[PDB]
Amino acid sequence: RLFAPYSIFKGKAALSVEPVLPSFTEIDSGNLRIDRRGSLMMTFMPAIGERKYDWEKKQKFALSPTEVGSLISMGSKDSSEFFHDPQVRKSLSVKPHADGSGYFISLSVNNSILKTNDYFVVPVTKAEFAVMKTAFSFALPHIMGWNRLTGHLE
Amino acid sequence: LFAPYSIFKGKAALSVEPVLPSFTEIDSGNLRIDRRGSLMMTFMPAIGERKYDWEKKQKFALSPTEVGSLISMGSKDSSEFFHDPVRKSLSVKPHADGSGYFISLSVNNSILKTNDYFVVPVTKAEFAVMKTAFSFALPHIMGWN
Amino acid sequence: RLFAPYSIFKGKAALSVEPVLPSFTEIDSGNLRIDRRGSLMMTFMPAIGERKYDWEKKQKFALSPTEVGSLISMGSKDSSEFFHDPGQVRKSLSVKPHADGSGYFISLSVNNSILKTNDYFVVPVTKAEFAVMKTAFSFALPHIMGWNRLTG
Amino acid sequence: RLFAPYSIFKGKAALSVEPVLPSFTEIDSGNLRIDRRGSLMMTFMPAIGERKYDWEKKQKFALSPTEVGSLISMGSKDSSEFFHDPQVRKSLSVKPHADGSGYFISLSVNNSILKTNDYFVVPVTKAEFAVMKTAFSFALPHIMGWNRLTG
């Protein structure tokens with residue numbers, strides 16, 4: 001595995017984004033296989049002070065191709081909100097600042113079972129969101145499988 | 001084979017996937033025949049809630065120029081493509097509020113005297129996937145990759 | 001071939017476009033640099049009749065990366081015009097929009113000698129066709145700049 | 001190894017731009033991570049009269065992916081300004097002409113150690129900036145290492 005997330009580190013939280021290509025991976029001598037669907041994976045972690053973050057407390061939100069399209073389609077005055085009920089319930093919000101200078105990206109996680117509620121917010125500048133739209137656009141066909149790695153091409 | 005991008009709606013479903021250029025050699029072979037790519041749209045009618053009839057699927061292949069038409073569409077634009085002679089046409093018409101489009105396929109069989117209309121709403125997000133995927137595919141279907 | 005030309009065939013002329021990659025030369029230290037720049041080669045040829053074109057009369061115009069930039073950045077109300085001059089004669093290429101925003105007309109002017117009337121080849125290009133051009137040209141731009149070689 | 005800058009030569013200076021890829025290094029368990037970040041390298045040099053430039057007095061400014069995003073997202077009336085500390089202070093500005101015909105791109109280098117400073121200004125046309133935006137957009141996922149993820 002190569003890791004190359006695009007990461008943004010801010011006051012209350014950090015956000016890392018990275019494509020997940022569809023894959024089927026053997027481990028444990030072949031007894032177990034890990035099947036991953038194509039997505040754009042967003043990972044949030046909370047700040048703990050002195051400019052550091054708690055990796056062990058990270059929470060994720062996986063964007064489908066359609067959800068990626070939602071983000072790519074946003075201009076400076078647009079919003080997106082996504083709800084995943086995979087009893088853990090997650091909400092991702094991308095909301096623009098009034099001056100068009102960027103967005104708050106937040107993730108809300110509700111665990112009815114453990115009675116917990118977690119919230120992570122990261123501001124993203126216009127420049128940072130431009131990186132996301134460009135990189136996400138690049139990655140989208142690959143997450144959809146439109147290539148030689150996943151496509152059945154010789 | 002590529003996994004299609006599919007949209008499943010109330011009355012019909014739409015799937016889209018690229019078809020690469022293919023080549024064959026003839027005349028010994030002094031002629032190389034290069035078959036242009038397309039973006040293939042496949043429509044199926046609903047038979048229940050989120051159920052569709054695969055046996056009744058209908059295809060519409062977009063040329064590079066027709067793909068250009070779609071990628072160039074803003075939130076207030078329309079496109080309509082006519083293929084003939086069976087006779088088919090494809091329209092992309094915007095919702096007044098700018099939140100998406102209807103993408104609709106008309107199929108007229110003159111043999112059997114039927115006219116079938118497959119209508120699929122597409123959200124802004126879903127059309128953005130198409131525009132991005134199609135823009136990616138366009139150089140490949142043109143043979144510029 | 002590496003690039004199959006995109007062609008548009010219309011009433012008075014036809015237009016074909018294809019990338020030409022840059023050449024490299026090794027210099028000192030085993031290092032390689034661009035020798036001759038890449039371009040987007042546009043080939044125009046006039047109509048002789050009913051969708052038939054005179055290939056013997058083809059004329060070419062090589063767009064530089066910067067000129068390709070000019071085209072890709074055009075909106076529906078913009079025009080572009082490029083003038084080339086130091087075997088090679090003076091040529092100019094223009095892209096002008098129809099007032100209704102439905103598309104453009106692309107014109108190549110070839111200035112011949114004082115004994116020879118100039119040649120003018122004009123090809124209308126619809127919004128859809130120009131979208132194919134901008135998309136394909138954007139794709140080709142880093143290749144004609146040699147940037148694809150700076151990566152995988 | 002192979003060099004392929006996009007270069008703009010103007011009255012007072014020239015600008016060359018070129019991507020620099022990240023490097024990936026193996027860690028534990030066969031996994032690879034980025035040990036050197038990618039950038040978009042901007043190289044400025046001074047005009048020395050005639051139509052020539054002092055290729056040996058070049059000065060550089062390395063844009064991060066985020067700084068590349070700043071430029072890609074600029075419209076004809078937008079500005080960008082970046083401040084770097086590698087004291088050697090450097091600032092890069094991209095400021096629009098009022099008529100929307102292009103920009104000035106300038107590099108300021110404040111050399112506190114040598115107690116000097118340099119200044120390069122390169123006008124860029126709309127077309128030239130469009131090349132930059134398109135080429136930078138192409139290069140961005142490569143400088144971020146995402147081409148390696150997607151294969």
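Note: ideal-geometry Cβ built from the backbone for every residue, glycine included; neighbour counts use all protein chains shown. Bear in mind these aren't lab numbers, they're just calculated from the coordinates by the rules spelled out.
Structure summary
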{"quantity": "Any hit, segment D:28-39, residues being surrounded by 19 or more Cβ atoms within 10 Å (Cβ to Cβ) and in a strand (DSSP E or B)", "calculated": "yes"}
{"quantity": "Residues within segment B:93-112 that are polar (S, T, N, Q), closer than 15 Å to B:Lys56 by Cα and in contact with a strand residue (DSSP E or B) (Cβ under 7 Å, 6 or more places away or on another chain), tallied", "calculated": "2"}
{"quantity": "Test for A:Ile48: is it crowded, with 20+ Cβ neighbours inside 10 Å and among the β-branched types (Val, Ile, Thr)", "calculated": "no"}
{"quantity": "Segment B:14-27, residues that are of a type in the set (S, T, N, Q) and surrounded by 12 or more Cβ atoms within 10 Å (Cβ to Cβ)", "calculated": "B:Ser15"}
{"quantity": "Counted residues, segment B:78-103 - those being within 18 Å of B:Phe8 (Cα to Cα) and aliphatic (A, V, I, L, M)", "calculated": "3"}
{"quantity": "Positions within segment C:37-77 being within 14 Å of another protein chain (Cβ to nearest Cβ) and over 17 Å from the mean Cα position of the chain (by Cα), in sequence order", "calculated": "C:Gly75, C:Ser76, C:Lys77"}
{"quantity": "Within segment C:109-133, considering residues that are buried (at least 19 other Cβ atoms within 10 Å of the Cβ) and either among the acidic types (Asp, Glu) or within 17 Å of B:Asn145 (Cβ to Cβ) (or both), the one farthest from the other protein chains (Cβ to nearest Cβ)", "calculated": "C:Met133"}
{"quantity": "Any pair with Cβ under 7 angstrom, 6 or more apart, that starts in segment D:131-151 at a residue that is within 21 Å of C:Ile72 (Cβ to Cβ) and ends at one that is aromatic (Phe, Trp, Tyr)", "calculated": "D:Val131/D:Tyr6; D:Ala135/C:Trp147; D:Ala135/D:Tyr6; D:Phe138/C:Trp147; D:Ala139/C:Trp147; D:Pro141/A:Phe138"}
{"quantity": "Conditions (1) closer than 20 Å to D:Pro123 by Cα; (2) more than 18 Å from the chain's Cα centre (by Cα); (3) within 14 Å of chain C (Cβ to nearest Cβ): number failed by D:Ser7", "calculated": "(2)"}
{"quantity": "Flag for A:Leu92 being more than 14 Å from every other protein chain (Cβ to nearest Cβ) and crowded, with 20+ Cβ neighbours inside 10 Å", "calculated": "no"}
{"quantity": "Residue pairs meeting the criteria (Cβ under 8 Å; at least 6 apart or on separate chains; first surrounded by 14 or more Cβ atoms within 10 Å (Cβ to Cβ), in segment C:1-13; second of a type in the set (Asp, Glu) and part of a strand (DSSP E or B))", "calculated": "C:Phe3/C:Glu18; C:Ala4/B:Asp34; C:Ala4/C:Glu18; C:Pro5/C:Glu18; C:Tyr6/C:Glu18"}
{"quantity": "Sole exception among (1) of a type outside the set (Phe, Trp, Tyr); (2) in contact with a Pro (Cβ under 7 Å, 6 or more places away or on another chain); (3) within 20 Å of A:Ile8 (Cβ to Cβ) for D:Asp54, by number", "calculated": "(3)"}
{"quantity": "Members of segment A:119-137 that are farther than 17 Å from D:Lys133 by Cα and out of contact with any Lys or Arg (no Cβ under 8 Å at 6 or more places or on another chain)", "calculated": "A:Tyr119, A:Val124, A:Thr125"}
{"quantity": "Segment B:9-27, residues that are part of a strand (DSSP E or B) and either of a type outside the set (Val, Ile, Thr) or touching an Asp or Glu at 6+ places or on another chain (Cβ under 8 Å) (or both)", "calculated": "B:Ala12, B:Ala13, B:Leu14, B:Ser15, B:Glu17, B:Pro18, B:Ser22, B:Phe23, B:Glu25"}
{"quantity": "Residue that is nearest to C:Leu71 (Cα to Cα), among those in segment C:139-151 that are facing another protein chain (nearest Cβ under 7 Å) and either aromatic (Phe, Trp, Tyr) or surrounded by fewer than 22 Cβ atoms within 10 Å (Cβ to Cβ) (or both)", "calculated": "C:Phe139"}
{"quantity": "Boolean, C:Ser64 is in contact with a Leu (Cβ under 9 Å, 6 or more places away or on another chain) and of a type outside the set (A, V, I, L, M, F, W, C)", "calculated": "yes"}
